[PDB]
Amino acid sequence: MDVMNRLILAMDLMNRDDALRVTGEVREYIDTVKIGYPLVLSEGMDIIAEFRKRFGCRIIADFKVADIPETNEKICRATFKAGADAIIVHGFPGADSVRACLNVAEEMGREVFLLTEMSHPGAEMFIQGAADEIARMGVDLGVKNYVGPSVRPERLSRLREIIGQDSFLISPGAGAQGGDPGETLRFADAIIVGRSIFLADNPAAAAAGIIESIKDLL
Amino acid sequence: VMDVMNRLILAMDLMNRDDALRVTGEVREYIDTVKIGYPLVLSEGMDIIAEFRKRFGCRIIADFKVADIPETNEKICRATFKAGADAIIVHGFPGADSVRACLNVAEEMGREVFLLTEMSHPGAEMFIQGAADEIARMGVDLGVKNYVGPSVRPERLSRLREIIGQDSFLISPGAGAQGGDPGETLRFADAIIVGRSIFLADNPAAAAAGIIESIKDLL
Ligand SMILES: O=c1cc(O)n([C@@H]2O[C@H](COP(=O)(O)O)[C@@H](O)[C@H]2O)c(=O)[nH]1
Ligand SMILES: O=c1cc(O)n([C@@H]2O[C@H](COP(=O)(O)O)[C@@H](O)[C@H]2O)c(=O)[nH]1
């Protein structure tokens with residue numbers, strides 16, 4: 001996956017007008033948008049097709065898929081039917097649940113991203129202690145795309161070590177949650193950024209500023 | 001606790017509005033509580049909740065297995081309750097802040113959170129099972145009153161019930177298609193969740209009536 005400027009916009013605004021406007025304002029800087037449940041549950045799955053029509057961006061559906069295999073398969077089918085290029089899946093529910101998603105992705109020409117460790121404080125309670133094993137499970141399953149946390153670069157580095165330099169790694173938590181774009185890109189292929197762009201006084205200037213700060217990494 | 005008719009919750013995981021409405025209508029004399037998940041919501045929109053309320057007046061549990069950071073969890077809960085869900089199901093494995101975020105929205109909005117502890121599928125044994133007792137204890141500490149645990153592992157369901165106490169409300173999927181037994185499950189759970197063995201039946205009403213007949217002494 002070739003992500004422009006190593007920057008993925010997390011579009012978590014919950015109003016169609018604002019989401020489209022803000023994405024349009026930063027469109028020259030990105031070609032990849034992460035769309036999650038805040039926007040989808042507020043405006044419908046048809047929002048994905050609308051983003052493709054307006055921006056011709058790739059769409060990662062951040063749905064943190066975390067059900068049994070039967071239900072995971074259905075969620076992935078509905079998601080890819082809506083035009084998502086990729087879907088993010090939790091690893092914590094185990095290998096069969098991940099495989100269910102991989103199967104649908106292969107059938108429909110899409111990608112699965114495996115979420116290993118998360119960026120929030122609560123991730124330390126259960127996820128963190130399982131994360132290396134979840135990453136190894138991904139490797140065993142042939143997963144090529146991973147998500148790990150900007151806010152813990154030592155954990156992000158370990159995740160990179162496990163999956164190898166050939167796998168693709170994206171990372172949320174830079175900006176609002178305190179992560180640093182440049183440090184994160186030592187290990188991740190791309191950073192995910194939401195609020196520090198879409199809540200900024202001037203979203204375009206915010207995106208341009210982030211990119212300026214990592215210019216030597218592009 | 002919510003008064004679930006016949007201790008039986010329909011898992012409506014059909015992905016077509018016409019079929020989902022037909023089947024739900026057919027079993028309405030037996031079931032007043034319906035679990036709507038992402039297979040239906042992502043296929044037909046959040047307005048499917050509105051449609052179910054309009055047509056059936058059933059309680060709606062939004063099975064969204066909420067599993068994000070606190071900020072995003074809050075947004076998901078707000079959108080879900082705005083659409084008319086009575087309750088939402090939240091994963092415990094992302095930790096206490098993520099659960100608290102959902103509880104705070106539910107409190108503000110006058111709705112309920114169900115905490116999913118252990119899951120029913122084989123993959124649950126890899127990571128979830130070993131965390132489940134602690135996830136349940138965390139729920140009790142946070143003031144969670146409603147829980148989800150697996151029909152297919154009676155021994156685990158019993159332990160979950162012990163942890164949360166007799167006053168907590170516990171619902172349980174895995175009977176029927178996944179092999180769990182309704183009667184045994186209801187030794188510990190307040191209600192069983194049943195999907196495919198009802199909604200794929202030639203006669204979903206007869207399937208529901210049959211399940212209920214088999215547990216009639218427990219009603
Ligand atoms: O560990 C994770 C995994 C995520 O997908 N995310 C997602 O990444 C985005 C982060 O947005 P922000 O830059 O506003 O903090 C949100 O959409 C969030 O749900 C995260 O923050 N941490
Ligand atoms: O551990 C769990 C938690 C669930 O919510 N579920 C949900 O309960 C339902 C089970 O349906 P069924 O009776 O067709 O097996 C599905 O909606 C599934 O997503 C489950 O099967 N196991």
# chains A, B, ... in the order shown; residues from 1 in each chain; ligands from 1
call {"tool": "closest_atom_pairs", "arguments": {"of": "chain A", "to": "chain B", "cutoff": "6 Å", "atoms": "only C-alpha atoms", "output": "CSV"}}
result
residue,atom,partner,partner_atom,distance
A:38,CA,B:76,CA,5.4
A:42,CA,B:79,CA,5.9
A:44,CA,B:45,CA,5.8
A:68,CA,B:121,CA,5.8
A:74,CA,B:39,CA,5.5
A:75,CA,B:39,CA,5.2
A:78,CA,B:43,CA,5.8
A:92,CA,B:127,CA,6.0
A:93,CA,B:124,CA,5.4
A:94,CA,B:123,CA,4.3
A:95,CA,B:123,CA,5.7
A:96,CA,B:123,CA,5.5
A:120,CA,B:69,CA,5.8
A:122,CA,B:95,CA,4.3
A:123,CA,B:94,CA,5.5
A:125,CA,B:95,CA,5.7
A:126,CA,B:93,CA,6.0
call {"tool": "residues_around", "arguments": {"residues": "residue 16 in chain A", "least_positions_apart": "4", "cutoff": "8 Å", "atoms": "only C-alpha atoms", "output": "PyMOL selection string"}}
result
chain A and resi 20+39+43+47
call {"tool": "write_last_selection", "arguments": {"atoms": "C-alpha atoms", "output": "mmCIF file, in the first residue's frame"}}
result
data_model
loop_
_atom_site.group_PDB
_atom_site.id
_atom_site.type_symbol
_atom_site.label_atom_id
_atom_site.label_comp_id
_atom_site.auth_asym_id
_atom_site.auth_seq_id
_atom_site.Cartn_x
_atom_site.Cartn_y
_atom_site.Cartn_z
ATOM 1 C CA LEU A 20 -16.759 16.114 3.530
ATOM 2 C CA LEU A 39 -18.979 8.644 10.980
ATOM 3 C CA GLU A 43 -24.314 9.012 8.376
ATOM 4 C CA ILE A 47 -20.569 7.635 3.108
#
call {"tool": "residues_near_ligand", "arguments": {"ligand": "ligand 1", "cutoff": "6 Å", "atoms": "only C-alpha atoms and all ligand atoms", "output": "list in words"}}
result
residues 10, 12, 118, 119, 149, 172, 173, 174, 175, 176, 177, 193, 194 and 195 of chain A; 68, 69 and 72 of chain B
call {"tool": "residues_near_ligand", "arguments": {"ligand": "ligand 2", "cutoff": "8 Å", "atoms": "only C-alpha atoms and all ligand atoms", "output": "PDB file with N, CA and C atoms, in the first residue's frame"}}
result
ATOM      1  N   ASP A  67     -15.753 -10.102  16.687  1.00  0.00           N
ATOM      2  CA  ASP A  67     -16.842 -11.033  16.917  1.00  0.00           C
ATOM      3  C   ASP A  67     -16.379 -12.470  16.673  1.00  0.00           C
ATOM      4  N   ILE A  68     -17.319 -13.409  16.730  1.00  0.00           N
ATOM      5  CA  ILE A  68     -17.043 -14.807  16.381  1.00  0.00           C
ATOM      6  C   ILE A  68     -16.835 -14.905  14.866  1.00  0.00           C
ATOM      7  N   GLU A  70     -18.307 -16.493  12.355  1.00  0.00           N
ATOM      8  CA  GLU A  70     -19.520 -16.364  11.549  1.00  0.00           C
ATOM      9  C   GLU A  70     -19.908 -14.896  11.355  1.00  0.00           C
ATOM     10  N   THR A  71     -19.941 -14.151  12.451  1.00  0.00           N
ATOM     11  CA  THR A  71     -20.344 -12.756  12.413  1.00  0.00           C
ATOM     12  C   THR A  71     -19.261 -11.900  11.751  1.00  0.00           C
ATOM     13  N   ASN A  72     -17.992 -12.203  12.028  1.00  0.00           N
ATOM     14  CA  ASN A  72     -16.898 -11.474  11.400  1.00  0.00           C
ATOM     15  C   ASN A  72     -17.000 -11.541   9.881  1.00  0.00           C
TER      16      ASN A  72
ATOM     17  N   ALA B  11     -31.184 -13.111  18.183  1.00  0.00           N
ATOM     18  CA  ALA B  11     -30.044 -12.484  17.515  1.00  0.00           C
ATOM     19  C   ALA B  11     -30.411 -12.346  16.043  1.00  0.00           C
ATOM     20  N   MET B  12     -30.808 -11.145  15.640  1.00  0.00           N
ATOM     21  CA  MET B  12     -31.272 -10.931  14.282  1.00  0.00           C
ATOM     22  C   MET B  12     -30.108 -10.529  13.383  1.00  0.00           C
ATOM     23  N   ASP B  13     -29.432 -11.547  12.857  1.00  0.00           N
ATOM     24  CA  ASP B  13     -28.239 -11.359  12.033  1.00  0.00           C
ATOM     25  C   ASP B  13     -28.475 -11.592  10.541  1.00  0.00           C
ATOM     26  N   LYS B  35     -31.614  -8.584  19.707  1.00  0.00           N
ATOM     27  CA  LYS B  35     -30.235  -8.134  19.590  1.00  0.00           C
ATOM     28  C   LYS B  35     -29.963  -7.858  18.116  1.00  0.00           C
ATOM     29  N   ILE B  36     -29.618  -6.610  17.807  1.00  0.00           N
ATOM     30  CA  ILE B  36     -29.280  -6.205  16.442  1.00  0.00           C
ATOM     31  C   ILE B  36     -27.794  -5.907  16.413  1.00  0.00           C
ATOM     32  N   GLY B  37     -27.083  -6.538  15.487  1.00  0.00           N
ATOM     33  CA  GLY B  37     -25.649  -6.351  15.387  1.00  0.00           C
ATOM     34  C   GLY B  37     -25.231  -5.695  14.092  1.00  0.00           C
ATOM     35  N   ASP B  63     -25.613  -4.899  19.499  1.00  0.00           N
ATOM     36  CA  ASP B  63     -24.455  -5.744  19.727  1.00  0.00           C
ATOM     37  C   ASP B  63     -23.293  -5.250  18.882  1.00  0.00           C
ATOM     38  N   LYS B  65     -20.115  -4.711  20.137  1.00  0.00           N
ATOM     39  CA  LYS B  65     -18.837  -5.142  20.715  1.00  0.00           C
ATOM     40  C   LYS B  65     -17.810  -4.020  20.745  1.00  0.00           C
ATOM     41  N   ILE B  89     -23.639  -3.413  23.718  1.00  0.00           N
ATOM     42  CA  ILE B  89     -22.660  -4.382  24.207  1.00  0.00           C
ATOM     43  C   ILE B  89     -21.248  -3.901  23.931  1.00  0.00           C
ATOM     44  N   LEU B 116     -19.237  -7.571  27.682  1.00  0.00           N
ATOM     45  CA  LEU B 116     -18.848  -8.870  27.170  1.00  0.00           C
ATOM     46  C   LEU B 116     -17.538  -9.304  27.822  1.00  0.00           C
ATOM     47  N   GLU B 118     -16.215 -13.268  28.480  1.00  0.00           N
ATOM     48  CA  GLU B 118     -15.669 -14.327  27.636  1.00  0.00           C
ATOM     49  C   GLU B 118     -16.581 -14.577  26.441  1.00  0.00           C
ATOM     50  N   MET B 119     -15.986 -14.983  25.327  1.00  0.00           N
ATOM     51  CA  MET B 119     -16.720 -15.286  24.100  1.00  0.00           C
ATOM     52  C   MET B 119     -16.865 -16.788  23.870  1.00  0.00           C
ATOM     53  N   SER B 120     -17.769 -17.151  22.968  1.00  0.00           N
ATOM     54  CA  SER B 120     -18.178 -18.537  22.806  1.00  0.00           C
ATOM     55  C   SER B 120     -17.419 -19.335  21.753  1.00  0.00           C
ATOM     56  N   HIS B 121     -16.658 -18.666  20.895  1.00  0.00           N
ATOM     57  CA  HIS B 121     -16.003 -19.352  19.787  1.00  0.00           C
ATOM     58  C   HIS B 121     -14.655 -19.949  20.205  1.00  0.00           C
ATOM     59  N   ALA B 124     -11.654 -17.814  21.335  1.00  0.00           N
ATOM     60  CA  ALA B 124     -11.714 -17.160  22.645  1.00  0.00           C
ATOM     61  C   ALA B 124     -10.741 -17.752  23.656  1.00  0.00           C
ATOM     62  N   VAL B 148     -22.359 -10.350  29.406  1.00  0.00           N
ATOM     63  CA  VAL B 148     -22.524 -11.391  28.392  1.00  0.00           C
ATOM     64  C   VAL B 148     -21.438 -12.443  28.604  1.00  0.00           C
ATOM     65  N   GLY B 149     -21.827 -13.716  28.612  1.00  0.00           N
ATOM     66  CA  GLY B 149     -20.883 -14.813  28.736  1.00  0.00           C
ATOM     67  C   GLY B 149     -21.382 -16.018  27.955  1.00  0.00           C
ATOM     68  N   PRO B 150     -20.513 -17.021  27.743  1.00  0.00           N
ATOM     69  CA  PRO B 150     -20.758 -18.032  26.704  1.00  0.00           C
ATOM     70  C   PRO B 150     -21.558 -19.267  27.125  1.00  0.00           C
ATOM     71  N   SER B 172     -26.566 -14.813  27.405  1.00  0.00           N
ATOM     72  CA  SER B 172     -25.605 -15.797  26.937  1.00  0.00           C
ATOM     73  C   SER B 172     -25.897 -16.326  25.549  1.00  0.00           C
ATOM     74  N   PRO B 173     -24.958 -16.123  24.605  1.00  0.00           N
ATOM     75  CA  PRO B 173     -25.082 -16.690  23.261  1.00  0.00           C
ATOM     76  C   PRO B 173     -24.359 -18.021  23.164  1.00  0.00           C
ATOM     77  N   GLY B 174     -24.728 -18.809  22.164  1.00  0.00           N
ATOM     78  CA  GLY B 174     -24.033 -20.047  21.878  1.00  0.00           C
ATOM     79  C   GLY B 174     -24.903 -21.284  21.910  1.00  0.00           C
ATOM     80  N   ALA B 175     -26.142 -21.148  22.366  1.00  0.00           N
ATOM     81  CA  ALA B 175     -27.079 -22.262  22.317  1.00  0.00           C
ATOM     82  C   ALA B 175     -27.605 -22.429  20.900  1.00  0.00           C
ATOM     83  N   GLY B 176     -27.808 -23.673  20.495  1.00  0.00           N
ATOM     84  CA  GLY B 176     -28.312 -23.933  19.166  1.00  0.00           C
ATOM     85  C   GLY B 176     -27.168 -24.164  18.207  1.00  0.00           C
ATOM     86  N   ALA B 177     -26.963 -23.227  17.286  1.00  0.00           N
ATOM     87  CA  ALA B 177     -25.993 -23.427  16.219  1.00  0.00           C
ATOM     88  C   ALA B 177     -24.596 -23.760  16.736  1.00  0.00           C
ATOM     89  N   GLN B 178     -24.188 -23.130  17.836  1.00  0.00           N
ATOM     90  CA  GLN B 178     -22.844 -23.329  18.358  1.00  0.00           C
ATOM     91  C   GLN B 178     -22.751 -24.493  19.335  1.00  0.00           C
ATOM     92  N   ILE B 193     -29.393 -15.899  24.208  1.00  0.00           N
ATOM     93  CA  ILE B 193     -29.415 -15.294  22.893  1.00  0.00           C
ATOM     94  C   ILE B 193     -29.432 -16.425  21.869  1.00  0.00           C
ATOM     95  N   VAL B 194     -30.344 -16.378  20.900  1.00  0.00           N
ATOM     96  CA  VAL B 194     -30.409 -17.424  19.881  1.00  0.00           C
ATOM     97  C   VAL B 194     -30.601 -16.765  18.522  1.00  0.00           C
ATOM     98  N   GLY B 195     -29.730 -17.103  17.568  1.00  0.00           N
ATOM     99  CA  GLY B 195     -29.798 -16.562  16.217  1.00  0.00           C
ATOM    100  C   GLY B 195     -30.222 -17.582  15.170  1.00  0.00           C
ATOM    101  N   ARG B 196     -29.240 -18.229  14.551  1.00  0.00           N
ATOM    102  CA  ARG B 196     -29.475 -19.076  13.373  1.00  0.00           C
ATOM    103  C   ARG B 196     -30.507 -20.180  13.566  1.00  0.00           C
ATOM    104  N   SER B 197     -30.509 -20.840  14.715  1.00  0.00           N
ATOM    105  CA  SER B 197     -31.450 -21.943  14.903  1.00  0.00           C
ATOM    106  C   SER B 197     -32.897 -21.459  14.922  1.00  0.00           C
ATOM    107  N   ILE B 198     -33.103 -20.157  15.069  1.00  0.00           N
ATOM    108  CA  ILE B 198     -34.421 -19.574  14.859  1.00  0.00           C
ATOM    109  C   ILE B 198     -34.536 -18.981  13.461  1.00  0.00           C
TER     110      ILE B 198
END
call {"tool": "residues_around", "arguments": {"residues": "residue 115 in chain A", "least_positions_apart": "2", "cutoff": "12 Å", "atoms": "only C-alpha atoms", "output": "PDB file with N, CA and C atoms, in the first residue's frame"}}
result
ATOM      1  N   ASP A  62     -12.227   1.324   9.766  1.00  0.00           N
ATOM      2  CA  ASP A  62     -11.714   1.015  11.095  1.00  0.00           C
ATOM      3  C   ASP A  62     -12.846   0.533  11.976  1.00  0.00           C
ATOM      4  N   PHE A  63     -13.168  -0.748  11.853  1.00  0.00           N
ATOM      5  CA  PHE A  63     -14.346  -1.279  12.529  1.00  0.00           C
ATOM      6  C   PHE A  63     -13.958  -2.194  13.702  1.00  0.00           C
ATOM      7  N   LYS A  64     -12.649  -2.314  13.952  1.00  0.00           N
ATOM      8  CA  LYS A  64     -12.142  -3.086  15.088  1.00  0.00           C
ATOM      9  C   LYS A  64     -12.921  -4.379  15.269  1.00  0.00           C
ATOM     10  N   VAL A  65     -12.961  -5.144  14.185  1.00  0.00           N
ATOM     11  CA  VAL A  65     -13.824  -6.313  14.124  1.00  0.00           C
ATOM     12  C   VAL A  65     -13.435  -7.286  15.231  1.00  0.00           C
ATOM     13  N   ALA A  66     -14.410  -7.699  16.031  1.00  0.00           N
ATOM     14  CA  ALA A  66     -14.111  -8.416  17.266  1.00  0.00           C
ATOM     15  C   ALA A  66     -15.212  -9.393  17.672  1.00  0.00           C
ATOM     16  N   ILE A  87     -10.008  -3.371   6.023  1.00  0.00           N
ATOM     17  CA  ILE A  87     -10.747  -3.365   7.281  1.00  0.00           C
ATOM     18  C   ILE A  87      -9.761  -3.658   8.410  1.00  0.00           C
ATOM     19  N   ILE A  88      -9.976  -3.022   9.556  1.00  0.00           N
ATOM     20  CA  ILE A  88      -9.139  -3.264  10.733  1.00  0.00           C
ATOM     21  C   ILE A  88      -9.841  -4.243  11.663  1.00  0.00           C
ATOM     22  N   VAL A  89      -9.094  -5.268  12.072  1.00  0.00           N
ATOM     23  CA  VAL A  89      -9.610  -6.387  12.846  1.00  0.00           C
ATOM     24  C   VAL A  89      -8.815  -6.497  14.151  1.00  0.00           C
ATOM     25  N   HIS A  90      -9.501  -6.717  15.265  1.00  0.00           N
ATOM     26  CA  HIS A  90      -8.814  -7.021  16.518  1.00  0.00           C
ATOM     27  C   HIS A  90      -8.199  -8.411  16.485  1.00  0.00           C
ATOM     28  N   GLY A  91      -7.012  -8.544  17.063  1.00  0.00           N
ATOM     29  CA  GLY A  91      -6.417  -9.858  17.208  1.00  0.00           C
ATOM     30  C   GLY A  91      -6.797 -10.584  18.488  1.00  0.00           C
ATOM     31  N   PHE A  92      -7.204  -9.839  19.513  1.00  0.00           N
ATOM     32  CA  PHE A  92      -7.459 -10.424  20.832  1.00  0.00           C
ATOM     33  C   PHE A  92      -8.470 -11.588  20.803  1.00  0.00           C
ATOM     34  N   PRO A  93      -9.514 -11.531  19.940  1.00  0.00           N
ATOM     35  CA  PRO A  93     -10.455 -12.668  19.900  1.00  0.00           C
ATOM     36  C   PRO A  93      -9.916 -13.960  19.278  1.00  0.00           C
ATOM     37  N   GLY A  94      -8.672 -13.960  18.809  1.00  0.00           N
ATOM     38  CA  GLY A  94      -8.049 -15.205  18.380  1.00  0.00           C
ATOM     39  C   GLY A  94      -8.033 -15.469  16.886  1.00  0.00           C
ATOM     40  N   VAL A  98      -9.767 -13.949  13.118  1.00  0.00           N
ATOM     41  CA  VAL A  98      -8.952 -13.222  12.145  1.00  0.00           C
ATOM     42  C   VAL A  98      -9.032 -13.889  10.770  1.00  0.00           C
ATOM     43  N   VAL A 112      -6.725  -6.906   5.049  1.00  0.00           N
ATOM     44  CA  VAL A 112      -7.000  -6.903   6.481  1.00  0.00           C
ATOM     45  C   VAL A 112      -5.808  -6.278   7.211  1.00  0.00           C
ATOM     46  N   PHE A 113      -6.104  -5.372   8.142  1.00  0.00           N
ATOM     47  CA  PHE A 113      -5.117  -4.830   9.076  1.00  0.00           C
ATOM     48  C   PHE A 113      -5.374  -5.446  10.444  1.00  0.00           C
ATOM     49  N   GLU A 117      -1.469  -3.962  19.580  1.00  0.00           N
ATOM     50  CA  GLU A 117      -1.596  -3.175  20.800  1.00  0.00           C
ATOM     51  C   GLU A 117      -2.263  -1.841  20.495  1.00  0.00           C
ATOM     52  N   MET A 118      -3.084  -1.376  21.431  1.00  0.00           N
ATOM     53  CA  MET A 118      -3.780  -0.105  21.299  1.00  0.00           C
ATOM     54  C   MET A 118      -3.068   1.017  22.040  1.00  0.00           C
ATOM     55  N   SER A 119      -3.463   2.254  21.744  1.00  0.00           N
ATOM     56  CA  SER A 119      -2.729   3.425  22.201  1.00  0.00           C
ATOM     57  C   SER A 119      -3.201   4.043  23.519  1.00  0.00           C
ATOM     58  N   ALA A 123      -5.195  -0.029  27.411  1.00  0.00           N
ATOM     59  CA  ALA A 123      -4.521  -1.094  26.669  1.00  0.00           C
ATOM     60  C   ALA A 123      -3.505  -1.830  27.527  1.00  0.00           C
ATOM     61  N   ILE A 127      -4.453  -5.961  26.792  1.00  0.00           N
ATOM     62  CA  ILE A 127      -3.969  -6.044  25.425  1.00  0.00           C
ATOM     63  C   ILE A 127      -2.447  -6.103  25.358  1.00  0.00           C
ATOM     64  N   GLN A 128      -1.789  -5.234  26.110  1.00  0.00           N
ATOM     65  CA  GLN A 128      -0.348  -5.118  26.004  1.00  0.00           C
ATOM     66  C   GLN A 128       0.362  -6.438  26.252  1.00  0.00           C
ATOM     67  N   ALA A 130      -0.672  -9.370  25.717  1.00  0.00           N
ATOM     68  CA  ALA A 130      -0.965 -10.331  24.654  1.00  0.00           C
ATOM     69  C   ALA A 130      -0.411  -9.910  23.296  1.00  0.00           C
ATOM     70  N   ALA A 131       0.041  -8.662  23.193  1.00  0.00           N
ATOM     71  CA  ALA A 131       0.302  -8.049  21.891  1.00  0.00           C
ATOM     72  C   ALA A 131       1.393  -8.723  21.063  1.00  0.00           C
ATOM     73  N   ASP A 132       2.503  -9.109  21.687  1.00  0.00           N
ATOM     74  CA  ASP A 132       3.554  -9.783  20.925  1.00  0.00           C
ATOM     75  C   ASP A 132       3.038 -11.098  20.369  1.00  0.00           C
ATOM     76  N   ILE A 134      -0.104 -11.838  19.733  1.00  0.00           N
ATOM     77  CA  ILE A 134      -1.042 -11.496  18.667  1.00  0.00           C
ATOM     78  C   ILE A 134      -0.296 -11.206  17.368  1.00  0.00           C
ATOM     79  N   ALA A 135       0.804 -10.466  17.461  1.00  0.00           N
ATOM     80  CA  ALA A 135       1.617 -10.183  16.283  1.00  0.00           C
ATOM     81  C   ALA A 135       2.185 -11.474  15.671  1.00  0.00           C
ATOM     82  N   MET A 137       0.889 -14.407  15.900  1.00  0.00           N
ATOM     83  CA  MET A 137      -0.278 -15.041  15.307  1.00  0.00           C
ATOM     84  C   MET A 137      -0.545 -14.472  13.912  1.00  0.00           C
ATOM     85  N   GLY A 138      -0.459 -13.152  13.773  1.00  0.00           N
ATOM     86  CA  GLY A 138      -0.584 -12.529  12.468  1.00  0.00           C
ATOM     87  C   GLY A 138       0.419 -13.094  11.479  1.00  0.00           C
ATOM     88  N   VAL A 143      -0.816 -12.569   7.765  1.00  0.00           N
ATOM     89  CA  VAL A 143      -1.226 -11.171   7.794  1.00  0.00           C
ATOM     90  C   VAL A 143      -0.043 -10.295   7.395  1.00  0.00           C
ATOM     91  N   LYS A 144      -0.299  -9.306   6.544  1.00  0.00           N
ATOM     92  CA  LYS A 144       0.768  -8.432   6.067  1.00  0.00           C
ATOM     93  C   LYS A 144       0.668  -6.986   6.553  1.00  0.00           C
ATOM     94  N   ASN A 145      -0.468  -6.634   7.151  1.00  0.00           N
ATOM     95  CA  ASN A 145      -0.780  -5.264   7.546  1.00  0.00           C
ATOM     96  C   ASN A 145      -1.161  -5.234   9.014  1.00  0.00           C
ATOM     97  N   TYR A 146      -0.591  -4.282   9.748  1.00  0.00           N
ATOM     98  CA  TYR A 146      -0.691  -4.241  11.203  1.00  0.00           C
ATOM     99  C   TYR A 146      -0.920  -2.820  11.697  1.00  0.00           C
ATOM    100  N   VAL A 147      -1.472  -2.718  12.903  1.00  0.00           N
ATOM    101  CA  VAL A 147      -1.698  -1.436  13.578  1.00  0.00           C
ATOM    102  C   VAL A 147      -1.080  -1.529  14.970  1.00  0.00           C
ATOM    103  N   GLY A 148      -0.272  -0.533  15.345  1.00  0.00           N
ATOM    104  CA  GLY A 148       0.274  -0.442  16.685  1.00  0.00           C
ATOM    105  C   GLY A 148       0.458   1.004  17.100  1.00  0.00           C
ATOM    106  N   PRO A 149       0.786   1.218  18.376  1.00  0.00           N
ATOM    107  CA  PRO A 149       0.554   2.531  18.994  1.00  0.00           C
ATOM    108  C   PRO A 149       1.684   3.558  18.915  1.00  0.00           C
ATOM    109  N   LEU A 156       5.885  -0.132  19.634  1.00  0.00           N
ATOM    110  CA  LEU A 156       5.784  -0.076  18.187  1.00  0.00           C
ATOM    111  C   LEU A 156       7.028  -0.686  17.538  1.00  0.00           C
ATOM    112  N   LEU A 159       6.838  -4.408  17.806  1.00  0.00           N
ATOM    113  CA  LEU A 159       5.885  -4.918  16.826  1.00  0.00           C
ATOM    114  C   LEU A 159       6.525  -4.991  15.437  1.00  0.00           C
ATOM    115  N   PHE A 168       3.460  -4.140   6.494  1.00  0.00           N
ATOM    116  CA  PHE A 168       3.007  -2.758   6.464  1.00  0.00           C
ATOM    117  C   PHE A 168       2.400  -2.426   7.826  1.00  0.00           C
ATOM    118  N   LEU A 169       2.827  -1.306   8.402  1.00  0.00           N
ATOM    119  CA  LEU A 169       2.470  -0.957   9.770  1.00  0.00           C
ATOM    120  C   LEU A 169       1.985   0.474   9.811  1.00  0.00           C
ATOM    121  N   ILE A 170       0.775   0.681  10.328  1.00  0.00           N
ATOM    122  CA  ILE A 170       0.239   2.027  10.503  1.00  0.00           C
ATOM    123  C   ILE A 170      -0.025   2.262  11.983  1.00  0.00           C
ATOM    124  N   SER A 171      -0.029   3.525  12.400  1.00  0.00           N
ATOM    125  CA  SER A 171       0.041   3.818  13.820  1.00  0.00           C
ATOM    126  C   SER A 171      -0.736   5.068  14.203  1.00  0.00           C
ATOM    127  N   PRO A 172      -1.752   4.909  15.061  1.00  0.00           N
ATOM    128  CA  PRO A 172      -2.515   6.034  15.608  1.00  0.00           C
ATOM    129  C   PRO A 172      -1.941   6.465  16.950  1.00  0.00           C
TER     130      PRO A 172
ATOM    131  N   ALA B  67     -15.038  -1.566  21.087  1.00  0.00           N
ATOM    132  CA  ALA B  67     -13.681  -2.009  21.404  1.00  0.00           C
ATOM    133  C   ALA B  67     -12.620  -1.010  20.952  1.00  0.00           C
ATOM    134  N   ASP B  68     -12.883   0.266  21.202  1.00  0.00           N
ATOM    135  CA  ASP B  68     -11.983   1.327  20.774  1.00  0.00           C
ATOM    136  C   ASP B  68     -11.420   2.070  21.986  1.00  0.00           C
ATOM    137  N   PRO B  94     -10.358  -4.247  26.074  1.00  0.00           N
ATOM    138  CA  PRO B  94      -9.585  -2.993  25.950  1.00  0.00           C
ATOM    139  C   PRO B  94      -9.383  -2.200  27.251  1.00  0.00           C
TER     140      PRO B  94
END
call {"tool": "closest_residue", "arguments": {"among": "B:87, B:207, B:48, B:215", "to": "residue 192 in chain B", "atoms": "only C-alpha atoms"}}
result
B:215
call {"tool": "select_by_dssp", "arguments": {"residues": "range 48-196 of chain A", "states": "helix (DSSP H, G or I)", "output": "NGL selection string"}}
result
:A and (48-55 or 69-81 or 95-108 or 121-124 or 127-141 or 153-163 or 181-184 or 195-196)
call {"tool": "residues_around", "arguments": {"residues": "residue 203 in chain A", "least_positions_apart": "4", "cutoff": "9 Å", "atoms": "only C-alpha atoms", "output": "number ranges by chain"}}
result
A: 22-23, 25-26, 196-199, 207-208
call {"tool": "atom_distance", "arguments": {"atom1": "CA of residue 53 in chain B", "atom2": "CA of residue 82 in chain A"}}
result
25.5 Å
call {"tool": "atom_distance", "arguments": {"atom1": "CA of residue 32 in chain A", "atom2": "CA of residue 19 in chain A"}}
result
14.2 Å
call {"tool": "closest_residue", "arguments": {"among": "A:150, A:103, A:167, A:202", "to": "residue 182 in chain A", "atoms": "only C-alpha atoms"}}
result
A:150
call {"tool": "select_by_dssp", "arguments": {"residues": "range 9-123 of chain A", "states": "strand (DSSP E)", "output": "ChimeraX atom specification"}}
result
/A:9-11,32-36,58-65,86-90,111-115
call {"tool": "residues_around", "arguments": {"residues": "range 24-27 of chain B", "least_positions_apart": "6", "cutoff": "7 Å", "atoms": "only C-alpha atoms", "output": "MDAnalysis selection string"}}
result
chainID B and resid 56 204:205 208
call {"tool": "residues_around", "arguments": {"residues": "residue 191 in chain B", "least_positions_apart": "2", "cutoff": "12 Å", "atoms": "only C-alpha atoms", "output": "NGL selection string"}}
result
:B and (1-10 or 31-35 or 146-151 or 169-175 or 182-189 or 193-194 or 212 or 215 or 218-219)
